[PDB]
Every structure is written in structure tokens, then in C-alpha cells.
> 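I have a structure here, written as C-alpha cells, and I will follow up with some questions on it.
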Amino acid sequence: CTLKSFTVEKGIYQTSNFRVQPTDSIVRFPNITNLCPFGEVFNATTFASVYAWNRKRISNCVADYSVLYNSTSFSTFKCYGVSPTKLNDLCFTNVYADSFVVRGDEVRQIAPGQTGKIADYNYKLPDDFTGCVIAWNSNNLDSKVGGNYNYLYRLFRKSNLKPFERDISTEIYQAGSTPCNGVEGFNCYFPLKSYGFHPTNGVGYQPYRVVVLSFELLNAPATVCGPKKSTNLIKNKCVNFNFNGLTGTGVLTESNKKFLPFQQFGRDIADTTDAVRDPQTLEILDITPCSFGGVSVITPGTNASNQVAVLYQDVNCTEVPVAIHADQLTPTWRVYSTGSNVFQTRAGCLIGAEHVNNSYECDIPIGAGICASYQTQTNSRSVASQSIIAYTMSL
Amino acid sequence: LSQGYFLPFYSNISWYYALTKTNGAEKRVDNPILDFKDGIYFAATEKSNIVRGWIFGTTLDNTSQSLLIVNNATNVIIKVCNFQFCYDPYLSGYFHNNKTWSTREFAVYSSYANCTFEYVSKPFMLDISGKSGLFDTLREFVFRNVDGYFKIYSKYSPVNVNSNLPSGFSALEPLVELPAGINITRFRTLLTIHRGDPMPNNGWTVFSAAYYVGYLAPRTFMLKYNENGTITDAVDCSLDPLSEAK
Amino acid sequence: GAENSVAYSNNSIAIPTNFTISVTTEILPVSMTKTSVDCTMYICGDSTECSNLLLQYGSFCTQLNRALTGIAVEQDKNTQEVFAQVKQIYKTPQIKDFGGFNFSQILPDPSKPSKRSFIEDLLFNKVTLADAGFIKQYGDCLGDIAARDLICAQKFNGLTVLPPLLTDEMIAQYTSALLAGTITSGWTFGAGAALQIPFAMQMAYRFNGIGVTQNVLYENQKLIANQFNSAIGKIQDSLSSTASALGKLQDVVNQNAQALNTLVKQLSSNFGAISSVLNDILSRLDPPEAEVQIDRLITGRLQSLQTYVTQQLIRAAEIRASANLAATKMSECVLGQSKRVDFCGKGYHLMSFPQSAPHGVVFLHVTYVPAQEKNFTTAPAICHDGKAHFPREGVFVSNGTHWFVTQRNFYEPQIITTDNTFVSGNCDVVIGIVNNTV
Amino acid sequence: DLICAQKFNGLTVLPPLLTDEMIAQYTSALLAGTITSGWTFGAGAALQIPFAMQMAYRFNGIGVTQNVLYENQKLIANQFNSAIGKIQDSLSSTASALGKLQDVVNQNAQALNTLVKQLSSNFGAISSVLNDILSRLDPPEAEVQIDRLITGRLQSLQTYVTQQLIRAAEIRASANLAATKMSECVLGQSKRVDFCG
Amino acid sequence: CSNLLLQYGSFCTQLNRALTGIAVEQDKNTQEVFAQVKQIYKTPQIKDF
Ligand SMILES: *[C@@H]1O[C@H](CO)[C@@H](O[C@@H]2O[C@H](CO)[C@@H](O)[C@H](O)[C@H]2NC(C)=O)[C@H](O)[C@H]1NC(C)=O
Ligand SMILES: *[C@@H]1O[C@H](CO)[C@@H](O[C@@H]2O[C@H](CO)[C@@H](O)[C@H](O)[C@H]2NC(C)=O)[C@H](O)[C@H]1NC(C)=O
Ligand SMILES: *[C@@H]1O[C@H](CO)[C@@H](O[C@@H]2O[C@H](CO)[C@@H](O)[C@H](O)[C@H]2NC(C)=O)[C@H](O)[C@H]1NC(C)=O
Ligand SMILES: *[C@@H]1O[C@H](CO)[C@@H](O[C@@H]2O[C@H](CO)[C@@H](O)[C@H](O)[C@H]2NC(C)=O)[C@H](O)[C@H]1NC(C)=O
Ligand SMILES: *[C@@H]1O[C@H](CO)[C@@H](O[C@@H]2O[C@H](CO)[C@@H](O)[C@H](O)[C@H]2NC(C)=O)[C@H](O)[C@H]1NC(C)=O
Ligand SMILES: *[C@@H]1O[C@H](CO)[C@@H](O[C@@H]2O[C@H](CO)[C@@H](O)[C@H](O)[C@H]2NC(C)=O)[C@H](O)[C@H]1NC(C)=O
Ligand SMILES: *[C@@H]1O[C@H](CO)[C@@H](O)[C@H](O)[C@H]1NC(C)=O
Ligand SMILES: *[C@@H]1O[C@H](CO)[C@@H](O)[C@H](O)[C@H]1NC(C)=O
Ligand SMILES: *[C@@H]1O[C@H](CO)[C@@H](O)[C@H](O)[C@H]1NC(C)=O
Ligand SMILES: *[C@@H]1O[C@H](CO)[C@@H](O)[C@H](O)[C@H]1NC(C)=O
Ligand SMILES: *[C@@H]1O[C@H](CO)[C@@H](O)[C@H](O)[C@H]1NC(C)=O
Ligand SMILES: *[C@@H]1O[C@H](CO)[C@@H](O)[C@H](O)[C@H]1NC(C)=O
Ligand SMILES: *[C@@H]1O[C@H](CO)[C@@H](O)[C@H](O)[C@H]1NC(C)=O
Ligand SMILES: *[C@@H]1O[C@H](CO)[C@@H](O)[C@H](O)[C@H]1NC(C)=O
Ligand SMILES: *[C@@H]1O[C@H](CO)[C@@H](O)[C@H](O)[C@H]1NC(C)=O
Ligand SMILES: *[C@@H]1O[C@H](CO)[C@@H](O)[C@H](O)[C@H]1NC(C)=O
Ligand SMILES: *[C@@H]1O[C@H](CO)[C@@H](O)[C@H](O)[C@H]1NC(C)=O
């Protein structure tokens, strides 16, 4: 499968990896299990005005939107930087609500790149928002039979708002070059105007409640987590792990590294997490790749034979079953994990070749001055079999 | 390599004093309305903890949302409100006869109403009692207003120098990020002036302190991290040819 | 450089009256660190869905691994072409009476466990090999506390360093066989079997091969031996202290290590994706939305691997050129005496000694390098009996009123005789001629 | 100009460390040592020898004994002059000095000009004008186009550098050949057939 | 665009390293061809060759 050919010639080949496929999944979300208030956030009697929009901490929580399903249907549930399907497999270190009420035709203005009175004078979502926006029609709630004239919106402003920057002024806006000194008039403008959400208006003029859930995931301890159920911990097998939304595939081991009191995972030189703090036991688990790079296959040729040898590069012959995790391999692989002809070289551990103390010329260069050859043992040891041998190369 | 708003190395930094001259003759209390621009670096050298607050905003009155930081004895109090500040804000440290501090005067603002943000962090006590000697502490802060977030970074260090901002490298750790969505262009420091029984005139007196204001500019910095994630060294690419080669 | 205006001489010559057997040293890379790159382990790591994306993306890495395997096989072939040389493994000639020439620090000693000479010891000490020369086990990388090393990152990211087929000790055995054949046969073992010859007289023949007759050696033999020993000791000390053995070899080793470290550190490049952490992409986006970012990452890391392999092929072209040069110098100065000028030393080549060095070979070129010049007056085709006479292996230089036919590169004046000068042509047709002799 | 565009687009030509006059001084020193010492200055100190004698030894080194040189000496000199005179004239009008050197110079100039012209390639972006991309799209929507342009221009730079590495490999082969020739053809007399003529 | 190139990757250090190697190799080629000797001999005014 590495060479992509049903016929393999005599030699030594660096097979990439096909031994191990993880069969177990590990989830280690912390001890929160407390239903987060989505009736104290989504089911509030009154939200803020878009100019004076509210913002709140969410604190320790399980964020399961499934509880809201028979409460209201979210017409707008666009999510940025995070897919909705993954929202149940994640933990968030910080979450903010950013709730307000707008007109329907203006919900499309709650987006990173948008222009309009809401997106220029009122809210101005940033360009790297990485949270996501929930919006739903609230004409049943935020509408009085005479029209609800709360939810002020800033109509004029001398400059565009900055991302996430609020602005309460109550000043007087100058259209022309005639000072108002703080009094109203004809060229003088009050910068805020009331929506006027009557119940029987067009759907574009009916109120919509928007919750701009801006959440960030850092190396801090997780604060809000999804509904995912925490499983047990497997500490010697190649598994799929998901600790606080940080998924991966590897072997978890006891580690003696020291983390900061608020550090959840370590990092390698590359952008790979090599250690993670299990948030239930608070232990530190080292993460090792499932794939073991260094396995070379020594073949005399498929037309010649099917017996092969395996060189495991830079490993101890005792550690080979643990290095390649021979428990999860098929028995045909487990034949080459342990045995009698487990000759140890400087290049690595050679299993499947009968090491001989004779010095023949090189046939298949193995490494560290050792060569393999497919020799006729039938004429050697009474009635024996054609077999692979390894030896020190002859100079 | 990171492009951002940094305090450029060897920048021109405004030094301000707070000191009483001989026998209470020349009084140095200075709370100028400096410009915030693109965030600031503020360094305080003191023996008695006298630099105890900050004002942030644009118009610095009830016209615009403002920010007050008060690092008084009981706590640190960060209040984003419509603070109608008086003309010459300062804190007045009341000293009790029992060698205790009752530093509650609030000569910083005349009122506050219709406001959004309140914050209190890390219940702790810090003394402002007079200490003989020189400035024993150097406290550094970086103040930013980015993406609706008021960021404060801090570094505290006991140092004994005669004066004038001892030379060295300081990497300021993230202290607190506040969800205050306000516009900030101008700011002024809050010092505390002593009262009680230091001299029977019962006027105003101050202890020796200095504070330093530097301006953040858009530069590129080459930063180095250790395994803890702490910045241990930094290069200002625009400072000089050697730093640009680095 | 220094201005050295030499006075052109219409009739004068400068014959050097005293040489300087100098052991120049050159260092030639012979091989580079051969590496293997795993497709999915680098590009994707342990991910089934990223593996599927890389499968449907294309089959680049079969070609990449074919190129890398070609590079590794060529590295082994270069090492065979230079070090392997003669397969007959000649052992050290216990009889060490080499006419004064010592070879004590160039021929290996059985005292230490490794049959590696002391000059080879200094060479192997000078080159750090801080990346792959040391032995690192999987147990070392599995258990660690402080921080994962660069080599552990490379191993866990699909980057492996394949050990060379020829062990350093058997490389030293090749070099010891070459040295034994050179100090017992000299050059005859480069054509057929080794033909034994006492070192002094094959040394005399090596002078014969630079126009300096054997009349020099047996007359100066102790001086020749002591000069060679002093030169070998001086280069030994300089090698001990000047760190000049780094040269090309340390540059090659650092180049390979830096290329591997660049490949590892370039896994943190976003390439336009949301992040370089593949698991953060895979743990925040649905497979459709995640496919765009993972394809950007696949393209970026495939380009990184392609660049790595491209300058690996270019570097292996340079290494193959240097190894062909090393084989040419091995089979023209260790197996013979090259007549090319400045091919195996500044002066007139005498021989060369191969020394194993990390991923390379060191040549101790022994050269003639004459000195102690002396002005004489020269005139060709002396007119005797009305006929021009020309010097057979002579120059026709003059002392005061005395004309001596003299060897080219060594002032050994001799009287004019017909068995040393050949007559041809009438005299007076030749431009600068004078007899007064023979 | 082309060179102004290359300079303004980050492509600079570093001058060689040796100026042409230092190259001429090296060549003059080599010529002086060759017409006064011949070849002895390639090993140790230059050893003075009249030119009509080192030419006799150069005859001796091709199997033609010195009895040939002086007995034809004058003619030989004139013939060489005639020979040199011919390359004095043909080189003045045949444009043969271009050869592979003009090819190298044109190759490098064309590579740099190609690199400059690749800045007009869209690479799948809306336009190759980075400022028109940056003056028509917000940072998010411009991320995609600028990343496409970055990938394209990075691939152009990578192709330029890879072809420069291959060109420097062949230039290094020719420079090793030139060093071997000047060490053998100029600092001695090569016995290789068809190496120095 | 500089920020985008910064987060995109760090290729240009590699590219400039390759180009600097090329330039140093050009200087070394010139040194190994032309210089090759450390004695500058001036023209032999005596022209009777
Ligand atoms: C933050 O406040 C400052 C000043 O309070 C604003 O700057 C002023 O903007 C108006 C309208 O564009 C101009 O007429 C003034 O000349 C500006 N003054 C200064 C000193 O810049 C600034 O626009 C505000 N920021 C935002 C995002 O609204
Ligand atoms: C430091 O400042 C805080 C903030 O004003 C003071 O705490 C206030 O105390 C009053 C009366 O005790 C209360 O009504 C407020 O609610 C408190 N506010 C907060 C935020 O705590 C505190 O008393 C000051 N400390 C001193 C020593 O004066
Ligand atoms: C703070 O803002 C509120 C909201 O506007 C003010 O309360 C309103 O005051 C006006 C007076 O012009 C009344 O007509 C409204 O009925 C009030 N509304 C509410 C909900 O109280 C309040 O006056 C402001 N604070 C101060 C000190 O002026
Ligand atoms: C990373 O952080 C740890 C913990 O703060 C540092 O270890 C401390 O080092 C100081 C100074 O040697 C000691 O006084 C503490 O007792 C140590 N604490 C622990 C938990 O070990 C460590 O030095 C930091 N890393 C670096 C490079 O400074
Ligand atoms: C030729 O050169 C050699 C080496 O320079 C001379 O031998 C040296 O003689 C001096 C004086 O006795 C000693 O101090 C050196 O140690 C000797 N060196 C060696 C290598 O033995 C030799 O005398 C010279 N011969 C002539 C004729 O000039
Ligand atoms: C060898 O060839 C040369 C030509 O290269 C002959 O010299 C020429 O003689 C003719 C007749 O006198 C002149 O017209 C030419 O100009 C001469 N050329 C040169 C280079 O001098 C020479 O005579 C020939 N000798 C023999 C023996 O054949
Ligand atoms: C919630 O579930 C109950 C039980 O069936 C149902 O009657 C109710 O309508 C649901 N809520 C909504 C908003 O439909
Ligand atoms: C929202 O609040 C109202 C009033 O308290 C209540 O009747 C309703 O059931 C609440 N809905 C949810 C989903 O909690
Ligand atoms: C988490 O909960 C489990 C089960 O109740 C318990 O065994 C464990 O000690 C808890 N850990 C923490 C840190 O609360
Ligand atoms: C493998 O482990 C055994 C057990 O400690 C040890 O004796 C042996 O030396 C190891 N092999 C190595 C390190 O190559
Ligand atoms: C080969 O020789 C070794 C040397 O002791 C011996 O141990 C071994 O049994 C011999 N036979 C083999 C390896 O088949
Ligand atoms: C610092 O700025 C002030 C105000 O412009 C100026 O007067 C002073 O000369 C500056 N100092 C330096 C060292 O640039
Ligand atoms: C040869 O070298 C050895 C060891 O360096 C030394 O003991 C011996 O005296 C040397 N002999 C000669 C002749 O140089
Ligand atoms: C040879 O002559 C030159 C020119 O006068 C002089 O510089 C040099 O010293 C002389 N050398 C000897 C050995 O006489
Ligand atoms: C040597 O040359 C001189 C000058 O021409 C001449 O007189 C003399 O006869 C020549 N001697 C011989 C042996 O030819
Ligand atoms: C060499 O020349 C010197 C000085 O002219 C003289 O004293 C000596 O006798 C001459 N010897 C020979 C062999 O010509
Ligand atoms: C140069 O040498 C030639 C041959 O001896 C002679 O004919 C000529 O006159 C000499 N010229 C001078 C003055 O050096």
C-alpha cells in the first residue's frame, strides 16, 4: 500500500503507517454539569437598546442549545469561526452575550462586514468575531398594541463606531455649520430615535432579538462546556481523545511535566499539543502519536516469496510491542512484534530475520553495517525451508 | 515577529513629579490631561504608594462615558460611568490618629449616573504610609482600548534608585481585560495628597513620587517566549540598524 | 595580496635549493544526512479524515519519497565510491620500519575499542553532529519532563533520519586498508593485487613522479622523515586547537539539521488557514467547512515538503559533485600520484592519506613546495664544436664562470657531459647560446 | 525603466566583491608569473625563467623536444603573434565573446524581468493590483484575494530561487572547471587531451 | 499585507538564505578562479620575451 503496487521488488521499504486504527474515544470534560441560564439570557423580559447593548459573563455552564428547541425557532443562527455541529463538542474559556433588539430587515446587518445605521452607529461587529450570532423574531414579546417605543437606535453620529465599542452620548448632532450649543431646532438633531415596534407591521419592521455570543477559547481553564458526556480514561492505548474540545488521536500517558496553575495544555515546537491537563483528575497526561515512524519492511520479492522482515528504527527490542502498541495490531503483525529471531542492531530492532554470525556480501542494505539476504536453508539443516537471514555486511 | 502598538524602545517619555519642597513651601501636584492616542505606558516610582488612580475618556465629563481606576486601600475599583469630574481631580489620604488610613474623600468627580460598568478585583490591602528613604517600588502598566476591550497589563517590582526610571527590560503580564466599550482619547492620573496631622496648618501635603507617560505607536517587535509563555526578551525592529538586522 | 614584482630575466634563472615537505589538509564532504519523510504523519498526523483529504487531493508523496529514497541510495553509493574503494581489507602492517616516517597518529591503534586513528579522533571530536550522529532511542523521546527536543519533534512529525549503511568503524576499516596499501604497496593495489614495496623507495619513486630524482631522498632521508613528522604533528595540533576540521563538513551537517528544523517549525505556518493547529481546525468546523482550511494546510505543507525535497535534491547534487571529486582524489592521489597542478596540494604532490570524518573525508596531501631560491645565469643550447647542445633533464645554469647542467626543481649542479646533454642543429641559429665547456 | 521597477519591487543586484580592476590585477599577476616564472609560481615562490626557455620546456612536455623551438624560434614567435593577431581581429567583429557569457547575463536579466512581470499575474485573485484589492474589499473579504496573491507571488519567488539554485549549480560547475583549467592550463601544462585546446 | 505575510508563513528567511548562499558562492567562485595566489606580480617591464 505504501508503494501503491501489487508487486513489490526485493529490497527494504519505508512503509508509512497502517498498523493502528483507534477503536476507542475518550471525553474528559470537567465537573460542571450545571444547566446554563438560557432563560435568564434568551427569555429575558426586555433586552437592551442596540445603542446601549448589554453584555454579560456566562460563567460555569453547560451550553446545550437543545433545551431552547421548544422555546423558539432561531431564524438566524449564523456561526463564525466555529461550525454549529461542533458547538456540542467544545469548551469555551470565555463567553459573552451581547443581547439587543433590532428591526428584522437589520438582522442581516449583524455581521462582520456590514454597513448601515446599526453597523455604523450602533453595534459594529468586528472582523475577527469568532463567536456567533443568534437572532429570532420577537414580535410576540417586544411589541405593544400601541407600539413599543423603547429600543432606541442612534440615527446620526459624527463617525463610524469601532468594533464592540459602545456609545451613549445624548448630545446634539449638527447637520450643518450652525452651532446648536446643546439645544434642538431645525438643523439640530437628537441622535437617538425610537423604533416603534407595532405588532401588525411588516416582518422587516417587526422586532428581532439578537444575542451575539462572542466566545474565546484560550489556554485558561475551561468555563463553559458542551453536553458531551465524559467517558473513562485509557492511558496506554491509541485512542481518540477530546479533553476540553481539544480533539486528537494519540496515546495518553502519565507525565511529570509541570504546568502553570491555569494551563490546560502544552505545546511542541510544532503546533501540536504534547501534554494536556485532564480537568477532572487535574493530572497532566503526555500525548504521543499513534503512528510510529521508522518501520521498514524487508522483502525478497513477492514473486520470490511472501516472508518479510521488519526493522523498527531506533527502538529497544523489548519495547517494540509497547512502541508499536502490538495489542491493537492484527495477529499477523503481532508475529513480527515478538519472537526468537529478534536480532538487535544499532540501526534498530530487526524482527523476522534469522541473524547469522557468518559474513556474506550485502544483498539488502539494512543500516549500521548489517545486510539481509534470502538464503536457501533447505540444503543446510536437514529438511529446512528457504528463509531470510540477517548478518554483518562483509567489506 | 509581531506587528502591534508598542512603546518604542528609547522613546521620549514624559516625567512628572509629586513632591513637597523644604518645610512645605513648593507643592508639586500635577494631574494634566494627557492624550491617550493609541494606548499608553504608565510607570510609577514611589516609596509611599501615592499614584492610586486613573481617569480615561474623551471629553472627561458627564457628556461622555468615562473610566475611573482607584487602587485604594480596600480593593481596586474600576468604574466605567458618566463621571462628571471636577476641575482638579485628586484623592485625599485621610490619616487617623490610630496610625490607620481612612482615605475616603473622593475629590475626583462631583457625580455619576446612567452608567454601565463596575468591577472589583483581588481583595487586598496596600499601605500609603510615609517611609523614609527613596522610591522603593516601580509599578508599570500598559493601557489599551482595542476592539471594545480596555486592556491593562501590569508589572510590579521593588527597586531602590535615586530617581528617573531605572534602565531595564520589563515584559508586562496580562493583568485584566475589561468589556468596557468606550471611546478614550484623553486621560489624567490620580495622585493622593496627605491630610491629618503632619503639620498643624492642616493644609495640603504630599509625599515623594514620580509617574511616567509614554505613547504607544504601531511598530514591529521580535518577541521571545519561554516554556511558561512569558516574554523574556524583545527587539524593536525600527529602533536602529542592529535591531532591524535582528 | 602582497606585491611581489619578480624581475624578468633575459638570461637568469631562479632554482630553489631547498624544499619543504608540507602536509596540506583538505576536507571534502562525501555524504549528507539521508532522511525519510512520512506522508500523513507530517501533513496530517494521526487523522483519518485528513488522511482521506490527502488521498483525494493527490499522490504527491509517493513521488516525494521516491526522490528521497533516490537521495539516500545515492548517499550510500557516494560512500561506496569514496570510502569503499578497494574491498580487500588490508590490516595494519605490524612491521613499522618505514624509514623514519611514522604514521603513528594516522594508522589506527588497537588500544581503544574503536579502530579509529588519533587524527580521526580529533576530526570526529571537532564536528559536533549535534543532530543525528548521536544515538537517540524511542524510549528517550517517550519519557521526558522538561521539553520535547527538536529530534523528538521530527520523529513524531514523520521526519526520520536513516542511519548510513556503512558504520563509522567499518569506514575506518576502509581507510585503514587504504592506508596499509599506501604504506606497503603505495599505488599498485589500486590496479591489481597489492605489490609490497618498502616505504622509502616508493617515496623515492613519488619524488621521481614530480621531476625530482631519487638522488634527493636517500641523501636526505632522515630530514625527509623528520620534516614529514613535524608537518603531521603541526597539522595535528592545529586540528586540535583551530577547529578548522569544521570547514565544509560542519556546514553540511548544520545545513541538514537546519533544513529539518525549518521543516518542523514550518508546521506552525497557517498558509492562509484559520490556524496551523490541525486539531483546532478539526475540532471547530464541520467536515465541509473544515475541508477548505485543511486543503489550504495540505497545500502549504505539501509545498513545504516539496521545497524541502527540492533543495535536498540540489544539495545532493552538490554532495554528489563533491563525492565524485573525493573519489577522483582517492583514486588519483591515494591510489597514485596525480600530475595535475594544484589538484592534491599547493606544491608538487607526493601522496595523500584518507581520514574518516563525519559525512566526509580528510586528505593529508603531502607536497614538495620548494623554497630557498637562488639567482643564477642561464643560457640554452650551449655552442660546442659549432653545434648547439640542449640539456636532457637539465637547465644550463651558471656559477661564476662555471656552467652546470642542473635539475629543474633542486639545485644539484653537474658538469656538462654528452650523456646528459643532447646535440642537434647547427649553433648560431639558436638565439641565446654559449659554450665555454665540455 | 526595468531596473527601476526591479529596485522598487524589492529585487536588488548586489555588486560583486571584486571590482573589474581587481580582476584585471589578478589576471595581470597571473600573466606576469606565467611570462616570467611560467608555472613555478603555482606551487611556491615565482622562479624567474626567460620566456623562450619555459616555452622550450612546454615543448618538452608535449613530446616535441626543445630542438624544435630555438631552431624555429623567430618563426614561432611571429606565428604566435600572427595567431594572437587573428584573435585580435576576429574577436573585434565576430561577436564570439558573447558566447555563453552573454547567455548567462541575458538569462539573469530575463529571470529578473520575468519576476517583475509576474506581479501582473492575478493568480486567481480579482486583480494583480494589490492596492485595488485593498481599496475595494474589507479586511475579511480581502483576506482571500491577498492570500491568493501571496501564494502566487511566493510561488514565483520560490520558482525564481529554485531556478537560481540550478543556475548556480551549473555556474559552479563551470567555475570549478575554470579553476581546474587555470590551475592546469595556466599554472602548468595539462597532459589531458583536448582540455586546454 | 505585511501582517498577512507574517501569519501566512516564514518562507522569505529560507529564500534569502538560499540567495545569500548563492551570492557567497559567486564570490567564492571568483576567489577560487581568479585570485588563487596571494602575491600580486606587477608587469615585467623587461619585455624581451
Ligand atoms: C472618539 O472621540 C474623539 C474626540 O472626542 C473623536 O474625534 C473627533 O471626531 C469628530 C468627528 O469626526 C471631529 O470633528 C473631531 O475633530 C475629532 N477630534 C479629535 C481630537 O480627533 C473620535 O472620532 C471618537 N472616536 C470614534 C470611533 O467615534
Ligand atoms: C475604596 O473605594 C471603594 C469604592 O468606592 C470604597 O468602597 C465603597 O464604600 C462605600 C461605603 O463604605 C459603599 O457604599 C460602596 O458600595 C463601596 N464600593 C465598592 C466598590 O466597594 C472603599 O470604602 C474605599 N476604601 C477606603 C479605605 O476609603
Ligand atoms: C438616567 O437616565 C434615565 C433614562 O432616561 C432618566 O430617567 C428618565 O428621566 C426623564 C426626565 O427627562 C423622565 O421623563 C423619564 O420618565 C425617566 N425614565 C426612567 C425610566 O426613569 C434619569 O433621569 C437619568 N438620570 C439622571 C440623574 O438624570
Ligand atoms: C516557569 O514558572 C515556574 C513557576 O513560576 C518557575 O519555577 C519557579 O522558579 C522560581 C525561581 O527559580 C522559584 O523561586 C520557584 O519556587 C519556582 N516554582 C516552581 C513551581 O518551580 C520557572 O523558573 C519558570 N521558568 C523560567 C524559565 O523561569
Ligand atoms: C633545508 O631546510 C631544512 C628545513 O628548514 C633545514 O633543516 C633545518 O636546519 C636547522 C638548523 O640546523 C634546524 O634548526 C631545523 O630544525 C632543521 N629543520 C629540519 C626540518 O630538520 C636544512 O638545514 C636546509 N638545508 C639547506 C642546505 O639549506
Ligand atoms: C611552416 O609553415 C609556416 C607557415 O605557418 C611557413 O612560414 C611561411 O612561409 C611562407 C613563404 O615564405 C610565408 O609566405 C608565410 O608568411 C610564412 N608564415 C609564417 C608563419 O612565417 C614555413 O615556411 C613552413 N616551413 C616548412 C619547413 O614547411
Ligand atoms: C415545549 O414542549 C411542550 C410539551 O409538548 C409543548 O406543549 C410546547 O409547545 C413546547 N414549546 C414550544 C415553544 O412549542
Ligand atoms: C419565559 O418566561 C415566561 C414568563 O416568566 C414563562 O411563562 C415562559 O415559560 C418562559 N419560557 C422559557 C422557555 O423558560
Ligand atoms: C469530578 O467528579 C467525579 C465524580 O463525581 C469525582 O470522582 C472527581 O473527584 C471530581 N473532580 C473534581 C476536580 O471535582
Ligand atoms: C533495552 O532495555 C533493557 C532493560 O533495561 C536494557 O538492559 C537494554 O540495554 C535496552 N536496550 C538498549 C538501550 O538498546
Ligand atoms: C553465531 O555466533 C555467535 C557468537 O557467540 C553465537 O552466539 C551464535 O549462537 C551463533 N549462531 C547463530 C547466530 O545462529
Ligand atoms: C520630548 O518631547 C518634548 C515635547 O515635544 C520636547 O520638548 C523634548 O525636546 C523631547 N525630548 C527628546 C529627547 O526628544
Ligand atoms: C612516532 O610517534 C610516536 C607517538 O606519537 C612517538 O612515540 C615516536 O617517538 C614517534 N617516532 C618518530 C620517529 O617520530
Ligand atoms: C634575485 O634578484 C632579484 C632582483 O634583483 C632580487 O630581488 C633577489 O633578492 C635576488 N635573489 C637572490 C637569491 O639573489
Ligand atoms: C665556443 O664558442 C666560441 C665563440 O663562438 C668559439 O670560438 C669556440 O670555437 C667554441 N668552442 C667549440 C668547442 O666549438
Ligand atoms: C662558485 O662560485 C663561487 C663565487 O663565484 C666560487 O667561489 C666557487 O669556487 C664556485 N664554485 C664552482 C663549483 O663553480
Ligand atoms: C638577451 O639575451 C639574448 C641572448 O643571449 C641576447 O642576444 C640579447 O642581446 C640580450 N639582451 C639584453 C640586452 O639583455
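Letters A, B, ... mirror the listed sequences (proteins, then strands); counts begin at 1. Quick note: numbers below take in every heavy atom, side chains included, and nothing from hydrogens, waters or symmetry partners.
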> Among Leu267(C), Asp280(C), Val277(C), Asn279(C), which residue satisfies the side chain to side chain contact (heavy atoms under 4.5 Å, CB included) criterion with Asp271(A)?
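Going through the options one by one, the only one that passes is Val277(C).
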> Quick one: of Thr247(A), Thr85(A), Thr288(A), who has the most non-hydrogen atom pairs under 4.5 Å with chain C?
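Most heavy-atom pairs within the cutoff with chain C belong to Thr247(A).
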> Quick one: what part of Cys238(A) sits under 4.5 Å from any heavy atom of chain C, side chain, backbone, both or neither?
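Neither part.
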> List the steps and the verdict of side chain to side chain contact (heavy atoms under 4.5 Å, CB included) for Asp286(C) and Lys86(A).
CA-CA 7 Å; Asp286(C) 55 72; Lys86(A) 298 291 179 70; 5.6 Å; no
> Provide the closest heavy-atom pair for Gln313(A) versus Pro163(C) in the form atom of the first, atom of the second, distance.
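Nearest pair, atom of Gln313(A) first, then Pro163(C): OE1-CD, 3.3 Å.
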> So what's closer than 4.5 Å to chain C heavy atoms on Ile370(A): side chain, backbone, both or neither?
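Contact with chain C: backbone only.
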> Using a distance-only test with no angle check, is there a side-chain donor-acceptor pair under 3.5 angstrom linking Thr130(A) and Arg284(C)?
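Yes, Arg284(C) and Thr130(A) have a side-chain donor paired with an acceptor closer than 3.5 Å.
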> Taking every non-hydrogen pair under 4.5 Å, which of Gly348(A), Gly245(A), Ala347(A) racks up the most with chain C?
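The candidate making the most pairs under 4.5 Å is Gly245(A).
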> Does the ring center of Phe292(A) lie less than 6.0 Å from the ring center of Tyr138(C)?
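Ring centres of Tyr138(C) and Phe292(A) closer than 6.0 Å.
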> Heavy-atom distance under 4.5 Å to chain C: side chain of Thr253(A), backbone, both or neither?
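Contact with chain C involves no heavy atom of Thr253(A) at all.
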> With a 4.5 angstrom heavy-atom cut-off, is it the side chain or the backbone of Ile12(A) that approaches chain C, or both, or neither?
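Interface part for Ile12(A): neither.
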> So what's closer than 4.5 Å to chain C heavy atoms on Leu90(A): side chain, backbone, both or neither?
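Contact with chain C: side chain only.
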> Stepwise, does the side chain to side chain contact (heavy atoms under 4.5 Å, CB included) test hold for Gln137(C) with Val315(A)?
CA-CA 5 Å; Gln137(C) 294 298 269; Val315(A) 71; 5.6 Å; no
> So which residue, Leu246(A), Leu217(A), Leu3(A), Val20(A), ends up with the most heavy-atom pairs under 4.5 Å with chain C?
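Heavy-atom pairs under 4.5 Å are most numerous for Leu217(A).
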> Is it the case that the side chains of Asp46(C) and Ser291(A) hold a donor-acceptor pair, with the cut-off being a distance below 3.5 Å and no angle test?
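There is such a pair (donor and acceptor under 3.5 Å, judged by atom type) between the side chains of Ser291(A) and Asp46(C).
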> Could you walk me through whether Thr48(C) and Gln21(A) pass the side chain to side chain contact (heavy atoms under 4.5 Å, CB included) check?
CA-CA 9 Å; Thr48(C) 292; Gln21(A) 305 94 1; over 6 Å; no
> Taking non-hydrogen atoms and a cut-off under 4.5 angstrom, which of residues 62-88 of chain C neighbour chain A?
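Counting heavy atoms that sit under 4.5 Å from chain A, the residues of residues 62-88 of chain C involved are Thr62(C), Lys87(C).
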> Could you tell me which portion of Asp274(A) (side chain, backbone, both or neither) has an atom closer than 4.5 angstrom to a non-hydrogen atom of chain C?
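It is both, since atoms from each part get that close.
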> Among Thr273(A), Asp286(A), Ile366(A), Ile269(A), which residue has the highest count of heavy-atom pairs closer than 4.5 Å to chain C?
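Highest number of heavy-atom pairs under 4.5 Å: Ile269(A).
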> Indicate whether the side chain of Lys4(A) and that of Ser59(C) have a donor and an acceptor atom separated by less than 3.5 Å.
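Yes, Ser59(C) and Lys4(A) have a side-chain donor paired with an acceptor closer than 3.5 Å.
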